[PDB]
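Asks: Please find one structure pasted underneath; my questions will follow.
Just so it is clear, none of the values below were taken in a lab; they were calculated from the coordinates. Using ideal geometry, Cβ is built from the backbone for each residue, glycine included, and neighbour counts are taken over all protein chains shown.
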Amino acid sequence: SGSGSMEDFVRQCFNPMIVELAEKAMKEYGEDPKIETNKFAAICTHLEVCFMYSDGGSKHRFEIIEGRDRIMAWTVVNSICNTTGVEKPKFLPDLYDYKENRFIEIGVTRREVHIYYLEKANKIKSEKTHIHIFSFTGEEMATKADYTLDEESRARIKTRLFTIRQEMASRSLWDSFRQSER
Ligand SMILES: O=c1[nH]c(-c2cc(O)c3c(O)cc(O)cc3c2)ncc1O
Ligand SMILES: [Cl-]
Ligand SMILES: [Mg+2]
Ligand SMILES: [Mn+2]
């Protein structure tokens, strides 16, 4: 589901490190990036947001968990849980917030945000894990309506997501993409 024009877009739009991390994530499930090109973009976007979110508070307020191999990912997680004694999650989250001492799952959606907020809450079966959704239309939604970052930072993120929708639109990739969301 998608085009080599979408493939080309991904390679032009996203930082090479992000591109390679997504190619690796997909291949680990037997998916081919130059075929399932809508997932390629989807995975790339979720990564970029995660990295943007981490560089949004103070220095080293967040530990990044997404983008890491499973062993290092669980190394970080297991260590944080030892140093802080917070309930160890059953699935790998995306960040840890040292300041509010909780994990964060981050969602990015091309549908309505309330819908994606539940599927996460149900899959993550989040005990103490904080959830935070974003859309490409400027919608956001967080646990107990706690948005963690300041607005200048949250807006830096929403504006980037908007930016991507548009560039996709000009290239006529957006509906396929909006359509293909499982
Ligand atoms: O929140 C997260 N989401 C994802 C994730 C993984 C996928 O494999 C996806 C896919 O194949 C299609 C799709 O439309 C969206 C996808 C999102 N990975 C890590 C997270 O923290
Ligand atoms: Cl990384
Ligand atoms: Mg993740
Ligand atoms: Mn996530």
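Asks: Classify the range 4-182 as rounded, prolate or oblate from the Cα gyration tensor: take a ≥ b ≥ c as the square roots of its eigenvalues, call it rounded if a/c is under 1.5, otherwise prolate when a/b beats b/c and oblate if not.
Replies: It comes out prolate by the Cα gyration axes.
Asks: Can you give the FRET efficiency to the nearest 0.05 for residue 128 and residue 79, using r as the Cβ-Cβ distance and R₀ = 30 Å?
Replies: The calculated FRET efficiency here is 0.95.
Asks: Just to confirm the filter: which chymotrypsin sites (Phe, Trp or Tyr not before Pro) across the range 1-105 are DSSP coil and have at most 13 other Cβ within 10 angstrom of their Cβ?
Replies: Here the chymotrypsin sites (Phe, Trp or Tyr not before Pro) that fit, given the DSSP loop and packing criteria, are 29, 91.
Asks: Quick one: work out the % antiparallel among DSSP beta bridges in the chain, nearest 5.
Replies: Counting only bridges with both partners in the chain, antiparallel ones make up about 60 percent.
Asks: Is any residue of the range 113-138 close enough, with backbone N under 16 Å, to a label point placed 7 angstrom from the Cα of residue 91 along the Cα-Cβ axis, and if so, which?
Replies: 114-134
Asks: Can I ask one more? Once you keep just the Cα pairs under 8 angstrom separated by 6 or more residues, what percentage relative contact order results for the chain?
Replies: Reported relative contact order: 18 percent.
Asks: Here's a follow-up. Add -39500 (n - 2.57) for each DSSP H run of 4 or more in the chain, then divide by its residues: what number comes out at 222 nm, to the nearest 500 deg cm²/dmol?
Replies: Rounded to the nearest 500, it is -16500 deg cm²/dmol.
Asks: What relative contact order, as a whole-number percentage, does the range 19-79 give when Cα pairs under 8 Å and 6 or more residues apart are counted?
Replies: This gives 22 percent for the range 19-79.
Asks: Going Cα to Cα from residue 88, which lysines come in below 23 Å? Please leave out same-chain ones fewer than 8 positions away.
Replies: Reachable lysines: 99, 120, 123, 125, 128, 144.
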